[PDB]
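One structure below.
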Amino acid sequence: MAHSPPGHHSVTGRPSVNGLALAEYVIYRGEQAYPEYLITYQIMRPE
Amino acid sequence: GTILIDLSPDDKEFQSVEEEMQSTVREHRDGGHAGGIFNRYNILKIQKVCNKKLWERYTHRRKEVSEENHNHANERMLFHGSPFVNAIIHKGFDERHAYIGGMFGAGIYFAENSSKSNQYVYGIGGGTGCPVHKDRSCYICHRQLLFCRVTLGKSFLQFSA
Ligand SMILES: CN(C)c1ccc(-c2cc(=O)c3ccccc3o2)cc1
Ligand SMILES: [Zn+2]
């Protein structure tokens, strides 16, 4: 894995073109996330 | 040491997790190539992941980050989609779960949009889709996402397309 930028603990990818997109995030240490919920699902075919 | 506790659909915690799943679906610029064509999900199950060692590993690091950032962990709840969800819930996140070719470098990636994490359930770009039908837009096969507690601390802001 890479390192966080110096002086930072993560990176935030801010959308700059697609007005409707939410942010995405990157961490560089596995210990910085806990998998709290497992969600089992299907995608639904639009009508 | 992992146990999975099923949540009832009647449980407020089930309902708030489902609402975050459903309400953060968006359209994708690939027209559904990676993740499939859909506007909503059929939620089949929501389980709480309970592992004391992994939790303590998380809280230890969270405190370190917090102390480096004016007592602010900048903790979020975010989606992660991966072929390795079963390894993650048993052994935790580590470098094997990183997106080596990601646009922000080799790290572990999370999304506010559940539909963004859905694009990674079968691999990068959706891989070859579901194992049974080789369909990235399979409506039959059961998929899994993680909804994760993530410490951001001081986050480097990248403006990006
Ligand atoms: C190569 N492997 C193990 C993975 C696993 C998960 C992901 C993944 C999972 C995500 O949920 C995600 C969310 C926003 C942006 C990128 C994302 O990437 C990528 C590569
Ligand atoms: Zn299938």
Side-chain angles (χ1 to χ4, degrees), chain A residues 1-4 9-11 13 23-43, chain B residues 1-7 13-14 17-18 20-21 24 34-35 41 43-62 64-65 73-102 104-131 136 141-153:
Chain A
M1 266 195 295
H3 287 116
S4 267
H9 304 100
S10 64
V11 171
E24 305 170 15
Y25 302 86
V26 186
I27 61 177
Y28 304 85
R29 299 271 307 268
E31 305 97 326
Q32 264 170 247
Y34 180 83
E36 208 155 310
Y37 302 91
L38 179 64
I39 297 166
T40 304
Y41 68 100
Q42 292 158 317
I43 57 158
Chain B
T2 293
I3 77 182
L4 299 178
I5 302 301
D6 276 42
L7 295 179
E13 193 178 348
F14 180 115
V17 174
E18 167 159 20
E20 190 77 351
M21 265 297 266
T24 60
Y41 311 105
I43 305 300
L44 298 165
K45 196 177 281 274
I46 298 175
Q47 292 163 300
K48 180 66 137 306
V49 178
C50 309
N51 183 305
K52 157 196 194 67
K53 180 192 58 151
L54 293 182
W55 176 251
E56 283 179 359
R57 167 188 304 173
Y58 175 78
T59 63
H60 187 262
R61 173 61 180 160
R62 183 175 64 179
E64 294 181 339
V65 174
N74 197 19
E75 178 174 275
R76 308 297 175 82
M77 293 295 301
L78 300 169
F79 297 96
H80 183 83
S82 182
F84 311 127
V85 158
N86 192 68
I88 293 160
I89 67 169
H90 287 104
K91 296 176 74 163
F93 287 100
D94 63 47
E95 64 282 347
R96 296 169 285 171
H97 303 116
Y99 183 9
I100 310 303
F104 314 115
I108 304 169
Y109 280 65
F110 299 82
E112 288 180 6
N113 288 118
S114 64
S115 57
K116 174 51 74 168
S117 291
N118 177 69
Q119 302 183 311
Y120 289 87
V121 162
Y122 296 130
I124 297 162
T128 50
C130 66
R136 287 180 296 265
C141 285
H142 292 184
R143 301 181 182 212
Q144 296 183 305
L145 280 185
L146 295 171
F147 186 52
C148 297
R149 192 176 295 270
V150 183
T151 286
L152 294 179

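Naming convention: chains lettered A, B, ... in sequence-line order (proteins, then strands); numbering from 1 in each chain. Computed over heavy atoms, backbone and side chain alike; hydrogens, waters and symmetry mates excluded.
- Residues A:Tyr25 and B:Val150 form no side-chain contact, since every pair of their non-hydrogen atoms from C-beta on lies 4.5 Å or further apart.
- A donor-acceptor pair shorter than 3.5 Å cannot be found between the side chains of B:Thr151 and A:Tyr34.
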| request: Using the side-chain contact (heavy atoms from CB on, under 4.5 Å) rule, take B:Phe147 and B:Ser117 through it: C-alpha gap first, then chi angles, then the decisive distance, then the call. | output: CA-CA 10 Å; B:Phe147 186 52; B:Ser117 291; over 6 Å; no
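- A distance of 6.0 Å separates CD1 in A:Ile43 from CG in B:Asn118, rounded to the nearest 0.5 Å.
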| request: Could you go through the side-chain contact (heavy atoms from CB on, under 4.5 Å) check for B:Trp55 and B:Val49 one step at a time? | output: CA-CA 10 Å; B:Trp55 176 251; B:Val49 178; over 6 Å; no
| said: Please evaluate residues A:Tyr41 and B:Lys45 with respect to the criterion side-chain contact (heavy atoms from CB on, under 4.5 Å), reporting the C-alpha separation (whole Å), side-chain torsions for both, the decisive distance (0.1 Å), and the verdict. | reply: CA-CA 7 Å; A:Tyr41 68 100; B:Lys45 196 177 281 274; over 6 Å; no
| said: Walk me through whether B:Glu112 and B:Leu78 qualify under side-chain contact (heavy atoms from CB on, under 4.5 Å). | reply: CA-CA 5 Å; B:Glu112 288 180 6; B:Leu78 300 169; 3.7 Å; yes
| said: Would B:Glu20 and A:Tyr37 count as a side chain to side chain donor-acceptor pair (under 3.5 Å) here? Give the steps. | reply: CA-CA 12 Å; B:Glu20 190 77 351; A:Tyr37 302 91; over 6 Å; no
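- Panel note: side chain A:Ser4, backbone A:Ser10; a donor-acceptor pair is recorded below 3.5 Å.
- B:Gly153 approaches B:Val65 most closely through the heavy-atom pair CA-CG1, 3.4 Å.
- Counting heavy atoms from C-beta on, the side chains of B:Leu152 and B:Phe110 never come closer than 4.5 Å.
- Contact of the B:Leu146 side chain with the A:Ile39 side chain is not registered, since no non-hydrogen atoms from C-beta on lie closer than 4.5 Å.
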| task | Tell me, with the steps shown, if B:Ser114 and B:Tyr41 meet side chain to side chain donor-acceptor pair (under 3.5 Å). | result | CA-CA 10 Å; B:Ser114 64; B:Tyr41 311 105; 2.8 Å; yes
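- Taking a cutoff of 4.0 Å between a charged side-chain nitrogen and a carboxylate oxygen, B:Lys48 and B:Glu13 qualify as a salt bridge.
- To the nearest 0.5 Å, atom CZ of residue B:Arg57 and atom CZ of residue B:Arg62 are 15.5 Å apart.
- If you take CG on B:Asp94 and CZ on A:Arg29, they are separated by 12.5 Å, rounding to the nearest 0.5 Å.
- B:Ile89 approaches B:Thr2 most closely through the heavy-atom pair O-OG1, 2.6 Å.
- Using a 4.0 Å cut-off between charged side-chain N and carboxylate O, B:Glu64 and B:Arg61 make a salt bridge.
- For the atom pair A:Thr40 OG1 and B:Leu44 CG, the distance stands at 7.0 Å (nearest 0.5 Å).
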| Stepwise ring pair (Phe, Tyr, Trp, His ring centres under 6.0 Å) check, B:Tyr120 with B:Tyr99 | CA-CA 10 Å; B:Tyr120 289 87; B:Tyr99 183 9; 5.8 Å; yes
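- The minimum heavy-atom distance between B:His97 and B:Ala87, with the atom names listed, is NE2-CB, 4.1 Å.
- Electrostatic pairing of A:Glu36 and B:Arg149 counts as a salt bridge here, judged by a charged N lying under 4.0 Å from a carboxylate O.
- Between the OG atom of B:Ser82 and the CG atom of B:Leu145 there is a distance of 10.0 Å, given to the nearest 0.5 Å.
- One distance of note links SG of B:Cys148 with CE of B:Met77; it measures 7.0 Å at 0.5 Å rounding.
- Residues satisfying the salt bridge (charged side-chain N to carboxylate O under 4.0 Å, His left out) criterion with B:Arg76, sequence neighbours excluded, are absent altogether.
- When all heavy atoms are compared, the tightest approach of B:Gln144 to A:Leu38 is NE2-CD2, 3.8 Å.
- For B:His60, the NE2 atom is loosely surrounded, since the number of other residues' heavy atoms within 6.0 Å does not exceed 12.
- Of all the heavy atoms in B:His80 and B:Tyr109, the pair that sits closest is ND1-O, 2.7 Å.
- Qualifying ring-ring contact (aromatic ring centres under 6.0 Å, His included) partners for A:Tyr28, counting only residues two or more places apart in sequence or in other chains: none.
- For the pair B:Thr24 (side chain) and B:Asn113 (backbone), a donor-acceptor distance under 3.5 Å is absent.
- The two atoms that bring B:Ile46 and B:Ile43 nearest to each other are CG1-CG2, 3.8 Å, heavy atoms only.
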